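One chain follows as structure tokens, the form solved without the ligand.
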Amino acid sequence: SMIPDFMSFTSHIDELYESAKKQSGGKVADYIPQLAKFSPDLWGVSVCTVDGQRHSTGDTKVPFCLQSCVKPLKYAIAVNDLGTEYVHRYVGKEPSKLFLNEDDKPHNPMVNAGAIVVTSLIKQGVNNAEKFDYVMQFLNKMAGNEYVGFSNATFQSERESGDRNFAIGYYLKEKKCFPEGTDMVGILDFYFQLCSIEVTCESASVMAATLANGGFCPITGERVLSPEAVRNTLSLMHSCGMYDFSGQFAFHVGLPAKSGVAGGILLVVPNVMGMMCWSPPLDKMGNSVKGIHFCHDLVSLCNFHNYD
């Protein structure tokens, strides 16, 4: 452990939060109205160390949708229940516009085509209502029963306007990427629902902290995810987590992270802490402008980089 005094670390979290606050650039997502509603000035950072110690600053109790931040989490669930070898019969492990790599598999679980296929592996045979409860049970344990809600509003707007996800769905059905007997449209329904699950910075930072803690929820001690599943999820967050910025993020920050279109950035410092940054304004790559800035400052200050 490299935190010595947790109290003066939060003092530095605060100053970093404040530096990020001045970065007004970006553009709140507006392709469904449930994302355009949100205020550019919303900005919250929540820490949960592997100890269970906590600290928030700013808008950490306002709920927003995980969106793509749920991709690592359901990937972790699928590996937990099924193991590396099974899951990656169906999805790549590399960061390579296009839907399918050279082997007719989605490139990785962090791109839509990947997460769609990952969704079709969780808890098969059962209908969508118990599928969603099963994953929800899992998400709660990762957050130690803190806020995990649901936005029916974005679910309907994402289903009704996600023609690209439907194109993905049919293409994957064509090139035979699902387990046989998969209702593809039902799987998309599940996908949209998972994308519409809601968290706060405070509850998400606890989810990231169980990933930071080999699968053990730091505020309940409970074993949630297998060590295998956490190792996999972190590797792919390290390399595929930030859209087309995953490359420069691995180089300059080098921590497992996964951003979403609601402006969350699920950040993991392994064996140290979990975090969730949130500011709805996104840069041209699709990442929280305040989050990106903050993540740079955090590493250039406390030397948290993978190789420091």
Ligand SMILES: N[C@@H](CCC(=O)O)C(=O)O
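The term rigid core refers to the maximal set of C-alpha atoms that superpose within 1.5 Å between the two forms. All residue numbers are counted from 1 along the displayed sequence.
In 9 other deposited structures of this protein, superposed on the rigid core, which stretch sits farther off in Cα RMS terms, 98 to 106 or 157 to 165?
Between the two stretches, 98 to 106 moves farther in 9 other deposited structures of this protein.
Please count the deposited residues lying between residue 96 and residue 97 that the model leaves without coordinates, and give the class: none, 1 to 3, 4 to 9, or 10 or more.
The entry leaves 4 to 9 residues without coordinates here.
Tell me which stretch, 115 to 123 or 214 to 222, has the higher mean Cα B-factor listed in the entry.
The recorded data point to 214 to 222.
Averaging CA B factors per stretch from the PDB record, which one is higher: 49 to 57 or 241 to 249?
Result: 49 to 57.
Based on the entry's values, in what third of the chain does the Cα temperature factor of residue 161 lie: lowest, middle or highest?
Within its chain, residue 161 is a middle-third residue by C-alpha B-factor, going by the deposited values.
Mind checking which third residue 254 falls in for C-alpha B-factor across the chain?
Middle third - that is where residue 254 ends up once the chain's C-alpha B-factors are sorted.
Looking at the temperature factor on the CA atom of residue 148, which third of the chain's modelled residues does it land in?
Middle third by C-alpha B-factor.
When the modelled residues of the chain are sorted by Cα temperature factor, does residue 295 land in the lowest, middle or highest third?
Middle third by C-alpha B-factor.
By the recorded C-alpha temperature factor, relative to the other modelled residues in its chain, which third is residue 196 in?
Bottom third by C-alpha B-factor.
Unshown form deposited with the ligand bound; subsequent notes refer to it.
Partner absent here, but in the deposited bound form, which of 40 to 48, 60 to 68, 244 to 252, 270 to 278 has residues with a heavy atom within 4.5 Å of the ligand?
Only one stretch passes the 4.5 Å heavy-atom test: 60 to 68.
State yes only if every one of 112, 158 and 261 has a non-hydrogen atom within 4.5 Å of the ligand in the deposited bound form; otherwise state no.
Answer is yes for this spot.
Contacting member of 193, 120, 80, 165, with respect to the ligand in the deposited bound form [4.5 Å, heavy atom]:
After the contact test, the surviving option is 165.
Heavy atoms within 4.5 Å of the ligand in the deposited bound form is the criterion; list the residues of 29 to 53 that meet it.
Heavy-atom contacts to the ligand in the deposited bound form: only 31.
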